[PDB]
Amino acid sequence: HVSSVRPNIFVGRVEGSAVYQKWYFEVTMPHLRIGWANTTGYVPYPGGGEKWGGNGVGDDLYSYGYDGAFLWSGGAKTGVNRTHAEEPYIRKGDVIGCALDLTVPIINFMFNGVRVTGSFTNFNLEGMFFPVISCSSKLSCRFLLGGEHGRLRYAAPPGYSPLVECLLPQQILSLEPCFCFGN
């Protein structure tokens, strides 16, 4: 009953770049986790090609999730302060903010425009990061990427870009050296 979705959006670290290294998106509306997954979590598949090594965001070593009450990575959960005392920790109308600063690196979360006290730091930067929701049946959640792809309810943090700006052109020489493809 638990599925994961991502848009076809991948961001990655450019050594020493001061532009488009910080990304923000929101999610709005049983299991529900939101965050970022890194493509290092993909593993070889017998026939050939690769499959995702985990079930949902936060269950493998290379994804980083938040369910309203806990931070998740590598299948471990870390309690944070919460807006609802009991499950469901994320309710209809609530809006989850999710932020990735590749220069630190650090991943932060927000609940209804309030910063979550808890973050992911010092994580692997090889490969690329994509936004992800892991949801059970009977839940319908939407990525808010900015622009006409889902209006953000909150201002992106200072220095951060909505993911819809992945559609803007950048010069190739300014996008290297990068770590998106595995050293």
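For every residue, the number given is its place in the sequence shown, counted from 1.
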Checklist entry - According to the entry, are there none, 1 to 3, 4 to 9, or 10 or more residues of the deposited sequence without coordinates between residue 29 and residue 30? => result 10 or more
Item to check | Of 133 to 141 and 115 to 123, the stretch whose C-alpha atoms average the higher B-factor in the entry | outcome: 133 to 141
Item to check | Given 92 to 100 and 77 to 85, the range whose Cα B-factors average higher in the PDB entry | outcome: 77 to 85
Item to check | Options 168, 18, 175, 9 - largest CA temperature factor per the record | outcome: 18
Checklist entry - How does residue 66 rank on Cα B-factor within its chain, lowest, middle or highest third? => result lowest
Checklist outcome for this item: Here the Cα B-factor of residue 157, set against its chain, lands in the third termed middle
Item to check | Among modelled residues of the same chain, the CA temperature factor third for residue 55 | outcome: highest
Checklist entry - Would the CA B-factor of residue 35 place it in the lowest, middle or highest third of its chain? => result lowest
